[PDB]
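Student: First the structure, then my questions, so here it is.
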Amino acid sequence: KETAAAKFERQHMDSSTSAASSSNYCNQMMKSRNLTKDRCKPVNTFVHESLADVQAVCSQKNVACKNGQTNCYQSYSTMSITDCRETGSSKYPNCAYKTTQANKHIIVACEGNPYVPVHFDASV
């Protein structure tokens, strides 16, 4: 099955754009990346940077994850990200999202060898 590493790329990476370009970005991307297949995923963040720069976070600032795990890492630099939150009109399978653009530090959990991001923990 899909590796934790590949799932992170599919759920969270968008190197093809610098930023969300219209209010429909989240609707289009949640759909196209297959995140609304079984249910409307309530929240999701997309990162508009090269994969190499996001992978490098695993060698940056070690921090505890929101759940208390100690394999979390925070980016030294801010990154271009898009936050997607379900709207009050969202109704499976017509999942609907509010697109919000932001520039923040990202916190990821890392695992494996190579040591790469497997979970997006938060943006700060």
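Simple scheme: letters A, B, ... for chains in structure tokens order, numbers from 1 for residues in each chain, numbers from 1 for ligands in the order shown.
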Could you list, as an MDAnalysis selection string, every residue within 9 Å of segment 103-116 of chain A, counting only C-alpha atoms and ignoring same-chain residues fewer than 6 positions away?

Tutor: chainID A and resid 4:5 47 54:59 63 65 69:82 122:124

Student: Keeping C-alpha atoms for every residue in the selection just given, could you write it to a file as a compact mmCIF listing (two decimals), in the first residue's frame?

Tutor:
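Just written: selection_15.txt:
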```txt
# COMPACT_ATOMS: atom_id res chain seq x y z
CA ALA A 4 3.40 7.08 4.89
CA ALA A 5 5.98 9.22 2.94
CA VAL A 47 2.53 23.37 1.05
CA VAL A 54 9.96 20.21 3.02
CA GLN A 55 12.04 16.98 3.47
CA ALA A 56 14.87 19.10 4.94
CA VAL A 57 12.56 20.02 7.89
CA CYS A 58 13.38 16.59 9.42
CA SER A 59 16.87 17.90 10.19
CA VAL A 63 9.88 19.84 19.02
CA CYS A 65 4.14 17.17 18.47
CA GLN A 69 5.42 12.64 20.56
CA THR A 70 9.02 13.77 20.27
CA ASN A 71 9.66 13.04 16.60
CA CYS A 72 8.24 16.44 15.47
CA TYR A 73 10.30 19.12 13.70
CA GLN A 74 9.66 22.77 13.00
CA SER A 75 10.83 24.61 9.89
CA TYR A 76 13.41 27.35 10.48
CA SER A 77 11.79 29.33 7.65
CA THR A 78 8.17 30.25 6.93
CA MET A 79 6.57 28.53 3.96
CA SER A 80 3.75 29.33 1.54
CA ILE A 81 0.75 27.23 2.58
CA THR A 82 -2.96 26.94 1.79
CA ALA A 122 0.56 22.14 12.61
CA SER A 123 1.49 25.55 11.15
CA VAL A 124 2.74 28.27 13.57
```

Student: Give the alpha helix (DSSP H) residues of chain A, as assigned by DSSP on the backbone, as a list in words.

Tutor: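 Taking chain A and keeping alpha helix (DSSP H) only, one gets residues 4, 5, 6, 7, 8, 9, 10, 11, 12, 25, 26, 27, 28, 29, 30, 31, 32, 51, 52, 53, 54 and 55 of chain A.
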
Student: May I ask which of the residues A:19, A:98, A:120, A:93 is the closest one to residue 39 of chain A, counting only C-alpha atoms?

Tutor: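 Ranked by minimum distance to residue 39 of chain A, first place goes to A:93.
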
Student: Rounded to one decimal place, report the atom CA of residue 24 of chain A-atom CA of residue 53 of chain A distance in Å.

Tutor: 26.1 Å

Student: One decimal, Å: what's the distance from atom CA of residue 118 of chain A over to atom CA of residue 18 of chain A, could you say?

Tutor: 22.2 Å

Student: Taking the DSSP secondary structure from the backbone, can you list the residues of segment 29-108 of chain A that are strand (DSSP E), as a short mmCIF file (atom, residue, chain, number, x, y, z; two decimals) with N, CA, C and O atoms, in the first residue's frame?

Tutor:
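Output (result-v3.cif):
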```cif
data_model
loop_
_atom_site.label_atom_id
_atom_site.label_comp_id
_atom_site.auth_asym_id
_atom_site.auth_seq_id
_atom_site.Cartn_x
_atom_site.Cartn_y
_atom_site.Cartn_z
N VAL A 43 -10.29 19.18 7.60
CA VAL A 43 -9.23 20.21 7.48
C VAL A 43 -8.04 19.60 6.75
O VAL A 43 -7.78 18.41 6.91
N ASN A 44 -7.33 20.39 6.02
CA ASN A 44 -6.12 19.91 5.32
C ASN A 44 -5.22 21.13 5.03
O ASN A 44 -5.81 22.24 4.77
N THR A 45 -3.96 20.97 5.05
CA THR A 45 -2.99 22.10 4.64
C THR A 45 -2.15 21.60 3.48
O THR A 45 -1.66 20.49 3.46
N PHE A 46 -1.95 22.49 2.45
CA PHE A 46 -1.15 22.24 1.29
C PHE A 46 0.15 23.15 1.41
O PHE A 46 -0.02 24.32 1.81
N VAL A 47 1.21 22.61 0.97
CA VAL A 47 2.53 23.37 1.05
C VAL A 47 3.00 23.57 -0.35
O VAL A 47 3.18 22.71 -1.16
N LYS A 61 14.51 22.07 13.63
CA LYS A 61 14.18 22.15 15.05
C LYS A 61 13.28 21.02 15.63
O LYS A 61 12.08 21.05 15.28
N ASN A 62 13.87 20.22 16.44
CA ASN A 62 13.10 19.10 17.08
C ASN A 62 12.16 19.69 18.13
O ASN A 62 12.66 20.48 18.95
N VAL A 63 10.90 19.34 18.06
CA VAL A 63 9.88 19.84 19.02
C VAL A 63 8.86 18.74 19.35
O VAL A 63 8.84 17.74 18.60
N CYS A 72 8.77 15.29 16.29
CA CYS A 72 8.24 16.44 15.47
C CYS A 72 9.43 17.43 15.24
O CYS A 72 10.41 17.51 16.01
N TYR A 73 9.31 18.14 14.16
CA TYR A 73 10.30 19.12 13.70
C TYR A 73 9.58 20.36 13.06
O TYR A 73 8.70 20.23 12.27
N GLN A 74 10.17 21.46 13.51
CA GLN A 74 9.66 22.77 13.00
C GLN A 74 10.62 23.44 12.05
O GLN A 74 11.87 23.46 12.29
N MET A 79 6.90 29.12 5.21
CA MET A 79 6.57 28.53 3.96
C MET A 79 5.18 29.01 3.46
O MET A 79 4.35 29.33 4.28
N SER A 80 5.04 28.99 2.13
CA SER A 80 3.75 29.33 1.54
C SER A 80 2.79 28.12 1.70
O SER A 80 3.15 27.06 1.15
N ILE A 81 1.71 28.36 2.38
CA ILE A 81 0.75 27.23 2.58
C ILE A 81 -0.66 27.67 2.33
O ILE A 81 -1.05 28.90 2.28
N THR A 82 -1.52 26.71 2.00
CA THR A 82 -2.96 26.94 1.79
C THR A 82 -3.68 26.05 2.90
O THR A 82 -3.37 24.82 3.00
N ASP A 83 -4.52 26.71 3.67
CA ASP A 83 -5.37 25.98 4.66
C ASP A 83 -6.74 25.81 3.99
O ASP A 83 -7.37 26.71 3.44
N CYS A 84 -7.28 24.60 4.14
CA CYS A 84 -8.59 24.19 3.61
C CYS A 84 -9.43 23.75 4.80
O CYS A 84 -8.96 22.84 5.47
N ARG A 85 -10.54 24.39 4.97
CA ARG A 85 -11.48 24.02 6.13
C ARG A 85 -12.84 23.87 5.48
O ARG A 85 -13.39 24.62 4.70
N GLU A 86 -13.55 22.74 5.93
CA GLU A 86 -14.88 22.49 5.45
C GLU A 86 -15.86 23.62 5.81
O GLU A 86 -15.76 24.23 6.87
N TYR A 97 -15.05 23.51 0.71
CA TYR A 97 -14.01 24.08 1.51
C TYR A 97 -13.76 25.64 1.30
O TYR A 97 -13.92 26.16 0.17
N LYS A 98 -13.40 26.15 2.41
CA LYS A 98 -12.98 27.65 2.39
C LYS A 98 -11.45 27.52 2.17
O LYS A 98 -10.72 26.82 2.91
N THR A 99 -10.92 28.28 1.18
CA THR A 99 -9.48 28.38 0.89
C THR A 99 -8.93 29.58 1.61
O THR A 99 -9.47 30.69 1.37
N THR A 100 -7.88 29.41 2.37
CA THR A 100 -7.19 30.52 3.11
C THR A 100 -5.69 30.47 2.79
O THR A 100 -5.09 29.40 3.01
N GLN A 101 -5.09 31.51 2.35
CA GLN A 101 -3.60 31.52 2.03
C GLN A 101 -2.85 32.01 3.30
O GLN A 101 -3.37 32.87 4.06
N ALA A 102 -1.65 31.49 3.51
CA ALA A 102 -0.85 31.93 4.63
C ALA A 102 0.64 31.57 4.40
O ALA A 102 0.96 30.95 3.43
N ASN A 103 1.44 32.17 5.24
CA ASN A 103 2.90 31.98 5.20
C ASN A 103 3.30 31.68 6.61
O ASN A 103 3.15 32.60 7.46
N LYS A 104 3.69 30.43 6.96
CA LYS A 104 3.92 30.12 8.38
C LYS A 104 4.97 29.04 8.38
O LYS A 104 5.28 28.51 7.34
N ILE A 106 6.07 25.35 9.48
CA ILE A 106 5.31 24.06 9.48
C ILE A 106 6.05 23.14 10.49
O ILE A 106 7.20 23.25 10.74
N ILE A 107 5.21 22.29 11.05
CA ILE A 107 5.65 21.26 12.04
C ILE A 107 5.23 19.91 11.44
O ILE A 107 4.05 19.73 11.18
N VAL A 108 6.25 19.04 11.27
CA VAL A 108 5.97 17.72 10.69
C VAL A 108 6.55 16.64 11.67
O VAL A 108 7.52 16.94 12.38
#
```

Student: Using only C-alpha atoms, which protein or nucleic acid residues come within 10 Å of residue 35 of chain A? Drop anything in the same chain fewer than 6 positions from it, and give the result as a PyMOL selection string.

Tutor: chain A and resi 10-11+29+41-42+44+95

Student: Could those selected residues go to a file with C-alpha atoms, as a PDB file, in the first residue's frame?

Tutor:
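Saved result, part.pdb, follows:
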```
ATOM      1  CA  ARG A  10      -0.209  13.413  -1.931  1.00  0.00           C
ATOM      2  CA  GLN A  11      -2.060  15.021   0.960  1.00  0.00           C
ATOM      3  CA  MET A  29      -7.291  20.079  -4.826  1.00  0.00           C
ATOM      4  CA  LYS A  41     -11.699  15.422   5.504  1.00  0.00           C
ATOM      5  CA  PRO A  42     -12.545  18.375   7.727  1.00  0.00           C
ATOM      6  CA  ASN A  44      -6.119  19.914   5.320  1.00  0.00           C
ATOM      7  CA  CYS A  95     -17.368  18.356   0.024  1.00  0.00           C
TER       8      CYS A  95
END
```
